[PDB]
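Notes to accompany the following structure.
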Ligand SMILES: Nc1ncnc2c1nc(Br)n2CCCO
Ligand SMILES: Nc1ncnc2c1nc(Br)n2CCCO
Ligand SMILES: Nc1ncnc2c1nc(Br)n2CCCO
Ligand SMILES: Nc1ncnc2c1nc(Br)n2CCCO
């Protein structure tokens, strides 16, 4: 199969990348970073996030796999000592694939710019206060005033969603979770406070009230947007595909990362 | 059809119950509280919870409907002025049914006692400290020490789950949410802190460490259990059925109850 | 001086108690558990709490000191290997004393029963719902409905107050902190949600609305009270006195207990 | 006395300002915005914050007073219909003064720049991650990694400190409260999580780990700082002075703003 490997850039990751390429050279495996079928990430969850966005236009023809040269990540969950055993079963094929949901973010101006997220997508104000009207399925739900909002994916709930008080949900659930960022709640402003979990086909629409400039982020990339008319969130129809060679439950990766390993 | 109506017990609810019975008398409707097909609850969410547990052995042959003589409830979401219009379409049939998930709670001693919950099921200690080992799908996940735990249904997240910091999830999602109750987190005890959302077929098992007596509750009923060997939580295969005559979205019932009506 | 020593009851604590008594026998020290001037606690924070309530009627003539035979406590913060060096400077005197504030709890029926707390004092409902009217300095502030309330001392903020979301305050601040326990907040019930810190001479008064029976606790002891007309909280005029032989800052005991030791 | 009046800038505030000036003209009152002894703020809490920073170099010779032409503020807590009665007792003098604590913020580069805050002072990262080492009284306490930190004044706890989960403390307590902003807590990063209340003479020092650029704010003004070597927080020796003509308790201003008015 066509494969490619990215690296964090340091010695420990670059040396292991060259060893796996040499190990792949002993098989019927061709290196290609244009149309690969197996994308291997060596480094951390941040390195895996870059590998996802490098090939987000070919998500259906790619099976991702991550290797953590540091601590255990949620996407890079393979120890470096298992790289030689990974090269074997990747060439023999017959492996199973797991699919996680994704978040679609549509921005509208006065055209349309869409994005795909693996972790979350946040919205902040550039300088002035952040005040938006939250509309759920064409129905006005609340007028949020605070630092911002965060719409997270199922597998992304263990990251920024978790630090904001959100709940951890199993990645087999096709849903998205919205959490607040330091909301103001007096007798004049009223937010729900609790995190909200939306199923598929539900559309959450953010609409400005005064300022039209917002600092929007998708995973790692963050870019200022000007004259925003609407921000739409919804579960994406596309999914990310992983390659599994052993049982590593999500709740066990949660235990090893937050309880003890 | 066979129908029956329960009441909160006060004048406002008893008078409306007698008016609907007289209104049902003008149709091909028979009153029967033994094997009814339409169970009407007049009062509040607590009155609706009693109507659910009165007929939990016939959930598949019953379509529930609630009327709130006080403030708007999440289960009793029909104004009293709409009772006459309810009697009409209930006799003509051809109405649609909505189904919400349920929570199954199994308790084991040294036999087995099972329960069905519409809102949540909590576990506390009777007197001494509450220390249990949390096991998710046969894998030990954490040793919880605190006041207790709360496993909630999707439609039950707006109640006790919400007061504990849990997230609100749409009742169309077949899942269950576990939240903590004043957990201790020092350098010796370590809990996850975040609420956890489990999909179908996931089993969360609570196991004692020292004391074996627990104060377990299912919705409104709460009874002391002695010599408990295990407590098992999982999404139930049975569901509760409602009768809909108009579009009342869950997110709009959340708005009218917590934002403003 | 007159001294006495309590023990957790196990070997490790009983053996160290007998060694310190023999070490005290080599000095001008008399053992007396009736009117002691130095109360030594060997065990943990729970053992120290028992030593405090055994002699709460003589707080002004006693300097407490705690030894932890297990993990580091906030009151028992002396390693067992320092017991021999403790016996020396306790006989030579000339040591400094530190004073921490206390919480006074007054209960009224239809007489008066007062209590003194070192950590916190909580109020719960016995069976039915818990609904009380919170009155701050004769002014009605809110109608709380939930599991209960917790009024904590400065040094007690690191315990049950911390698990409820309360803030940690330095024990040199003469104040008390009130936190909530799973409060209900809809469009009909409205609580402040945030913890409240009251200075000296402020009186927080809890008054029943329906049920008059409450499950009140003071530190470790918890007893049911019937026909309660009012519950009054205020910072006590009495303080607890410790014996210091080295600088152990409160913020360093917080670090070693929750960050890492 | 020498006095001056600021306005929000709209009709309702400008008209009331001209009426009070004409009302002051009937007395022995001189208008002067250079060295005033009575600073009157008409508008809201934001307008009052501007009046404080306009004359922060003369805090000991000024008694502030605020008028809210909109909703009730915590600093502007006088209804417009009471302006005529304010002009009377302000000229007759013999009024009492109330004093609230302040927060001192010192920034060091590679000189020193100091600031005075009435509400709070926050620190964020400009672009990259925010990682600082928190040092309390020359002792390392934790390595914070997240969005940022917020050090609040007693009277400022009802604002941004409240939205971050902090506690509300009476302004008669000379202290400062530090809260977190979406902290990361895994098996490698460990923060206290709970808010911290520091008494007078305690110094909290923030020190960079990688990036040296921070987005620091003091009340409303926010300015980027480059090559920061340290950030020091401590309770200020200076206080702000108000003019009281009636009893308006802090806990009652909390009730009217968050419960109901
Ligand atoms: N999905 C994720 N779950 C947990 N952690 C994550 C995730 N993605 C990244 Br990048 N990280 C690391 C954040 C800095 O510790
Ligand atoms: N599922 C529910 N969601 C919200 N509220 C509820 C629910 N069930 C009951 Br009973 N209540 C009323 C609790 C006391 O206000
Ligand atoms: N004041 C206290 N601060 C922290 N912890 C405490 C305190 N008192 C006791 Br008892 N503990 C132990 C509780 C069970 O871990
Ligand atoms: N000290 C303060 N307490 C409460 N609220 C405040 C304060 N200062 C200002 Br400005 N506000 C208004 C913030 C936007 O509602």
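The distance from the alpha carbon centre of the stretch D:203-236 to that of the stretch C:123-175 is 34 Å, rounded to a whole number.
Measuring nothing but alpha carbons in the protein assembly as shown and taking Rh as the Kirkwood radius, the Rg to Rh ratio lands at 0.98. Helical runs (DSSP H, four residues minimum) scored at -39500 (n - 2.57) apiece and divided by the length of chain A put the mean residue ellipticity at 222 nm at -4500 deg cm²/dmol. For the stretch C:204-261, averaging the sequence separation of C-alpha pairs within contact (under 8 Å, six or more residues apart) and dividing by the residue count gives a relative contact order of 29 percent. With a cut-off of 15 Å on the backbone N, the residues of the stretch D:53-73 near the modelled label site 7 Å out from residue D:15 along Cα-Cβ are D:69-70. The share of C-alpha pairs in the stretch B:88-140 whose separation exceeds 14 Å stands at 76 percent.
Exposure proxy check: B:59, A:18 ranked by fewest other beta carbons within 10 Å?
In order of increasing Cβ crowding within 10 Å: A:18, B:59.
By other beta-carbon atoms within 10 Å, ranking C:153, B:47, B:114 with the fewest at the front produces B:114, B:47, C:153. Copy-to-copy label distances for residue A:88, where each label lies 7 Å from Cα along Cα-to-Cβ, are 6.4, 7.4, 9.5 nm in order of increasing length.
When the P(r) of the stretch A:197-261 is calculated, the portion above 14 Å amounts to 76% of the C-alpha pairs. Residues of the stretch A:53-69 falling in the label zone of residue A:238, defined by backbone nitrogen less than 16 Å from a point 7 Å along Cα to beta-carbon, are A:53-64. Take residue D:211, move 7 Å from Cα toward the beta carbon, and the resulting point lies 1.8, 4.9, 5.2 nm from the same point in each other copy, nearest first. Most simply put, chain B has about 80% antiparallel DSSP beta bridges, counting only bridges with both residues inside it.
Rounded to whole Å and ordered largest first, report the semi-axes of the equivalent ellipsoid of the stretch A:119-226 derived from its Cα gyration tensor (root of 5λ).
Values: eigenvalues 93, 53, 36 Å².
The equivalent ellipsoid of the stretch A:119-226 has semi-axes of 22, 16, 13 Å.
Name the shape class, rounded, prolate or oblate, that the alpha-carbon gyration tensor gives for chain D, where a ≥ b ≥ c are the square roots of its eigenvalues, rounded holds for a/c under 1.5, and otherwise prolate holds if a/b is larger than b/c and oblate otherwise. Cα axes put chain D in the prolate bin. Among rounded, prolate and oblate, which fits the stretch D:113-174 when a ≥ b ≥ c are the square roots of the eigenvalues of its C-alpha gyration tensor, a/c under 1.5 means rounded, and a/b larger than b/c means prolate? Prolate, because a/c is 1.5 or more and a/b exceeds b/c.
With its label point defined 7 Å out from Cα along the Cα-to-Cβ axis, residue B:112 lies at 5.1, 5.8, 7.2 nm from the matching points of the other copies, in increasing order. The order of C:179, D:105, going from fewest to most other C-beta atoms within 10 Å of their C-beta, is D:105, C:179. The rotation axis taking chain C to chain D passes closest to the C-beta of one chain C residue; that residue and the distance in whole Å read C:167, 2. As a length-normalised measure over Cα pairs under 8 Å and 6 or more apart, the relative contact order of the stretch D:142-199 settles at 42 percent. For the stretch D:18-132, what is the convex hull volume of its Cα atoms per residue in Å³? Per-residue hull volume (Cα only) is 156 Å³.
From the square roots a ≥ b ≥ c of the eigenvalues of the alpha-carbon gyration tensor of the stretch D:1-76, which class results: rounded (a/c under 1.5), prolate (a/b over b/c), or oblate? It comes out oblate by the Cα gyration axes.
Read the figures in this text as sums done on the coordinates, not as results from a lab. Methodologically, a virtual Cβ is constructed for each residue, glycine included, from the backbone with ideal geometry; neighbour enumeration extends over all protein chains shown.
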